[PDB]
Each structure stands twice: as structure tokens, then as C-alpha cells.
Amino acid sequence: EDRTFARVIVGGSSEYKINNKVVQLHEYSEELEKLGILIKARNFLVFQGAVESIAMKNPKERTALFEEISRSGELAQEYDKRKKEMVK
DNA sequence: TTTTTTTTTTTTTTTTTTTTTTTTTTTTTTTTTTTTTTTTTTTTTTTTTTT
């Protein structure tokens, strides 16, 4: 089988297509997440000059990336809400 | 030739200045936080247009 993804831009907004049918960003995203690519992570693209700036980042940004890939960023609000409650 | 007198060089002493070194104090750029504003993007209703 063969899949045809698309994305057309209108005005300011952008619309996504699956199998030549208009879809919303979230479901398209979820399909990609099934395929195995975390677009917000940005761990597999390297532009003109960033191959150096892969190494010299401040460690926090690298931790951010490693937290992003690992599906442990969604559990943030849960964490610090529990934190504030228990410290209170 | 020898004796007497003058002048230049060398070297030591001293005094003033300079340099050094640390220490303590001070005040400043640097670094982080928070906010927060802007701008871009988004949505949804309205408007326009088409069959």
C-alpha cells in the first residue's frame, strides 16, 4: 500500500491532508507518532551550521530534548501540582 | 730629574623615588529571575461568491 500525506497553506493557517482528505493537525500527528517521529523533539535534522551547536549547548536544552522523546513532558503539571499540595 | 699643583675617573654612600606585594575594602559588570509585551498564528463567525 501507499500513503499520500499533504499540507496546503491558506491565509495564515495551514491544513493537512491524509489520503487526499482534509484532516486536522492532531490526528495527522498521531499517525506520525505511530510511524516513529517526534516533530517537536527535533532530533534528526541538522541545518547548515548546527552540527557544532549540537555539542556546545547548555546542558538544560539537551535534557529538554531527552525529556521530550521519552513522553515524560506531559506529566509535568501533575508533578508540580502534587508538589505544591504536599509542601503546603 | 724631581717636586708641586691640577683634573679626570672610579667607587661608595645616601636619599628620594619608584616598584612590588599583599591585604582589605568597594563598587560594577555580569548573571539569573520574573514579567510581560509583542507579534504571529489560530479560530470562528461573518461576508462574499458560486451553482
# chains A, B, ... in the order shown; residues from 1 in each chain; ligands from 1
call {"tool": "interface_residues", "arguments": {"of": "chain A", "to": "chain B", "cutoff": "12 Å", "atoms": "only C-alpha atoms (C1' of nucleotides)", "output": "ChimeraX atom specification"}}
result
/A:11-15
call {"tool": "select_by_dssp", "arguments": {"residues": "chain A", "states": "strand (DSSP E or B)", "output": "tab-separated table (two decimals) with N, CA, C and O atoms, in the first residue's frame"}}
result
chain	number	residue	atom	x	y	z
A	5	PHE	N	0.61	11.87	2.10
A	5	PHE	CA	0.44	12.95	3.04
A	5	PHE	C	0.48	14.27	2.28
A	5	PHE	O	1.15	14.38	1.26
A	6	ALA	N	-0.20	15.30	2.80
A	6	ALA	CA	-0.09	16.62	2.20
A	6	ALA	C	-0.26	17.71	3.25
A	6	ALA	O	-0.77	17.47	4.35
A	7	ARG	N	0.04	18.95	2.84
A	7	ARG	CA	-0.18	20.12	3.69
A	7	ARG	C	-0.18	21.40	2.85
A	7	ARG	O	0.86	21.79	2.31
A	8	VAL	N	-1.35	22.02	2.72
A	8	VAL	CA	-1.54	23.23	1.93
A	8	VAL	C	-1.74	24.41	2.89
A	8	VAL	O	-2.32	24.25	3.97
A	9	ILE	N	-1.28	25.60	2.50
A	9	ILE	CA	-1.39	26.80	3.34
A	9	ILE	C	-2.39	27.78	2.74
A	9	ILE	O	-2.45	27.97	1.52
A	10	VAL	N	-3.24	28.34	3.60
A	10	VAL	CA	-4.23	29.34	3.20
A	10	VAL	C	-4.22	30.48	4.21
A	10	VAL	O	-4.31	30.24	5.42
A	13	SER	N	-3.31	30.25	8.15
A	13	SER	CA	-3.44	28.89	8.65
A	13	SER	C	-2.90	27.87	7.64
A	13	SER	O	-2.59	28.18	6.48
A	14	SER	N	-2.84	26.62	8.10
A	14	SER	CA	-2.32	25.51	7.32
A	14	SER	C	-3.20	24.30	7.54
A	14	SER	O	-3.57	24.00	8.68
A	15	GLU	N	-3.54	23.61	6.46
A	15	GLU	CA	-4.43	22.46	6.51
A	15	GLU	C	-3.69	21.23	5.99
A	15	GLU	O	-2.86	21.31	5.09
A	16	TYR	N	-3.97	20.11	6.63
A	16	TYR	CA	-3.28	18.85	6.43
A	16	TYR	C	-4.20	17.87	5.72
A	16	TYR	O	-5.42	17.91	5.88
A	17	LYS	N	-3.61	16.98	4.93
A	17	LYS	CA	-4.42	16.00	4.21
A	17	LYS	C	-3.82	14.61	4.35
A	17	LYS	O	-2.60	14.43	4.24
A	18	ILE	N	-4.71	13.64	4.54
A	18	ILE	CA	-4.39	12.22	4.58
A	18	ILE	C	-5.25	11.54	3.53
A	18	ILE	O	-6.48	11.68	3.57
A	22	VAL	N	-9.11	16.21	3.78
A	22	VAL	CA	-8.69	17.21	4.76
A	22	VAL	C	-8.84	16.67	6.18
A	22	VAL	O	-9.85	16.04	6.53
A	23	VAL	N	-7.79	16.85	6.99
A	23	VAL	CA	-7.73	16.40	8.37
A	23	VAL	C	-7.24	17.59	9.20
A	23	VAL	O	-6.88	18.64	8.66
call {"tool": "residues_around", "arguments": {"residues": "range 69-73 of chain A", "least_positions_apart": "6", "cutoff": "10 Å", "atoms": "only C-alpha atoms (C1' of nucleotides)", "output": "ChimeraX atom specification"}}
result
/A:37-43
call {"tool": "write_last_selection", "arguments": {"atoms": "N, CA, C and O atoms", "output": "mmCIF file, in the first residue's frame"}}
result
data_model
loop_
_atom_site.group_PDB
_atom_site.id
_atom_site.type_symbol
_atom_site.label_atom_id
_atom_site.label_comp_id
_atom_site.auth_asym_id
_atom_site.auth_seq_id
_atom_site.Cartn_x
_atom_site.Cartn_y
_atom_site.Cartn_z
ATOM 1 N N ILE A 37 8.255 9.375 14.700
ATOM 2 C CA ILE A 37 8.971 10.635 14.526
ATOM 3 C C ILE A 37 8.330 11.690 15.412
ATOM 4 O O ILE A 37 7.129 11.958 15.295
ATOM 5 N N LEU A 38 9.126 12.293 16.285
ATOM 6 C CA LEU A 38 8.637 13.304 17.219
ATOM 7 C C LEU A 38 9.043 14.692 16.730
ATOM 8 O O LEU A 38 10.170 15.136 16.967
ATOM 9 N N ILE A 39 8.119 15.364 16.039
ATOM 10 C CA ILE A 39 8.436 16.589 15.303
ATOM 11 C C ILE A 39 8.881 17.683 16.268
ATOM 12 O O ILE A 39 9.790 18.468 15.970
ATOM 13 N N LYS A 40 8.271 17.727 17.453
ATOM 14 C CA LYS A 40 8.590 18.736 18.446
ATOM 15 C C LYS A 40 9.948 18.459 19.060
ATOM 16 O O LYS A 40 10.601 19.385 19.551
ATOM 17 N N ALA A 41 10.399 17.209 18.993
ATOM 18 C CA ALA A 41 11.688 16.841 19.556
ATOM 19 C C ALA A 41 12.827 17.483 18.784
ATOM 20 O O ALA A 41 13.735 18.072 19.385
ATOM 21 N N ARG A 42 12.796 17.363 17.454
ATOM 22 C CA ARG A 42 13.815 17.898 16.551
ATOM 23 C C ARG A 42 15.172 17.279 16.911
ATOM 24 O O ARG A 42 16.096 17.921 17.414
ATOM 25 N N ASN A 43 15.229 15.964 16.715
ATOM 26 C CA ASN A 43 16.443 15.206 16.974
ATOM 27 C C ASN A 43 17.063 14.556 15.745
ATOM 28 O O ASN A 43 17.976 13.739 15.892
#
call {"tool": "decode", "arguments": {"residues": "chain B", "atoms": "C-alpha atoms (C1' of nucleotides)", "output": "compact mmCIF listing (two decimals), in the first residue's frame"}}
result
# COMPACT_ATOMS: atom_id res chain seq x y z
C1' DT B 1 115.09 64.88 37.33
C1' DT B 2 112.37 65.85 40.83
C1' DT B 3 108.80 68.28 43.29
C1' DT B 4 104.49 70.61 43.37
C1' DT B 5 99.96 71.53 41.54
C1' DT B 6 95.59 70.48 38.66
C1' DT B 7 91.94 67.40 36.73
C1' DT B 8 89.59 63.25 35.42
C1' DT B 9 87.84 58.72 36.65
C1' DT B 10 86.05 55.23 39.92
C1' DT B 11 83.58 53.89 43.69
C1' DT B 12 80.80 54.26 47.84
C1' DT B 13 77.07 56.46 50.44
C1' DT B 14 72.61 58.32 50.77
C1' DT B 15 68.12 59.96 49.69
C1' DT B 16 64.32 60.30 47.10
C1' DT B 17 61.53 57.97 44.14
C1' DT B 18 59.75 54.03 42.10
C1' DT B 19 58.10 49.42 42.01
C1' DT B 20 56.02 45.46 44.24
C1' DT B 21 53.20 42.81 47.04
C1' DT B 22 49.60 41.70 49.89
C1' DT B 23 45.55 42.78 52.12
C1' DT B 24 41.17 44.84 52.81
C1' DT B 25 37.50 47.43 51.07
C1' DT B 26 34.34 48.95 47.39
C1' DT B 27 31.67 49.43 43.67
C1' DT B 28 30.29 47.23 38.65
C1' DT B 29 29.67 44.44 35.31
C1' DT B 30 27.74 40.04 34.91
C1' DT B 31 24.35 36.67 35.57
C1' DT B 32 19.63 34.94 36.75
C1' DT B 33 14.55 35.69 37.77
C1' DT B 34 10.33 37.31 36.74
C1' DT B 35 7.24 39.57 33.96
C1' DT B 36 5.27 40.96 30.22
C1' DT B 37 4.63 42.71 25.96
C1' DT B 38 4.51 41.89 21.07
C1' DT B 39 3.72 39.54 17.30
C1' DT B 40 2.49 35.76 14.90
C1' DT B 41 -0.71 32.34 14.46
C1' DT B 42 -5.23 30.48 15.12
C1' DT B 43 -10.41 30.18 15.01
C1' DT B 44 -14.82 31.14 14.18
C1' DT B 45 -18.15 33.80 12.76
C1' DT B 46 -19.27 36.90 9.08
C1' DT B 47 -19.12 38.08 4.42
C1' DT B 48 -18.64 37.19 -0.20
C1' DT B 49 -19.37 34.43 -4.06
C1' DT B 50 -20.99 30.46 -6.85
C1' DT B 51 -24.40 26.58 -8.67
